[PDB]
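Shown next as structure tokens: one chain only, the form deposited in one PDB entry.
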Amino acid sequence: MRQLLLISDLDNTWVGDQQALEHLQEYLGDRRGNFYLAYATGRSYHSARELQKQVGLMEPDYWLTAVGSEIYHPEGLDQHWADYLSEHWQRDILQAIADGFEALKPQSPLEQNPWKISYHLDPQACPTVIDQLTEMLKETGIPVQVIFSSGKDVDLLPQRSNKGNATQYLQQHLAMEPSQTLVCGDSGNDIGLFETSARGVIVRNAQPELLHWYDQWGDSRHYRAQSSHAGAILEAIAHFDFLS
């Protein structure tokens, strides 16, 4: 029932340039009832909440955390989404396979959850190892996807997950159309967002892998902003003529 469903990643997108973050929030703070806000981050809910306290993030309506593996409503964790992601998911088998790659090192326990297995790629290892991992994981028949970003972060998630799928789920939940949606991102863990039919903005300070993706799949609904960080969101809002 609102005119815009705003979905944005935090670090390097919404966050990173405190001045832009502040004027973006001032602008939005003057028409809060005209849009639904969702932060789609690779951070866990707890970590996202810490960041909010650090930079003064305005309160969103929803939190799509851990790359969309967990969805938080004002009233709490979405148990439907969790059960949906659990179906056919085999965390242990996938972890055993990933653990076997010498070039991969497990990320801290706090970066893991039932639907997210994460690792760090050795800086000296050949990125091609990600292709081998992906193919090996897929051949298990287990519905899994591999998210690679910043040239080092590797997340193993259910195929039904990632930021884009969480976004579409939210869109259906709120009865919001793709033409009324704006997704904002900066890296490989945001590709799922640009895969949806929502309008999208790629920040100027975007990571290599996301720019490469845009070059190959970029369409008319995708906008490459001149501005970096939060400034890219204001620019996109004006570009797509949202909140007219």
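Under this definition, the rigid core comprises the largest set of C-alpha atoms superposing within 1.5 Å between the forms. The numbering used is simple: start at 1 and walk along the sequence shown.
There is another form of the same protein, the form deposited in another entry; it is not shown, and what comes next is about it.
Once both forms are overlaid on the rigid core, the distance between the two CA positions of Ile117 between the shown form and the other one is 2 angstroms or more. Superposition on the rigid core between the shown form and the other one places the CA atom of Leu104 2 Å or more away from its counterpart. Superposition of the core reveals a Cα shift of less than 2 Å for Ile71 between the shown form and the other one.
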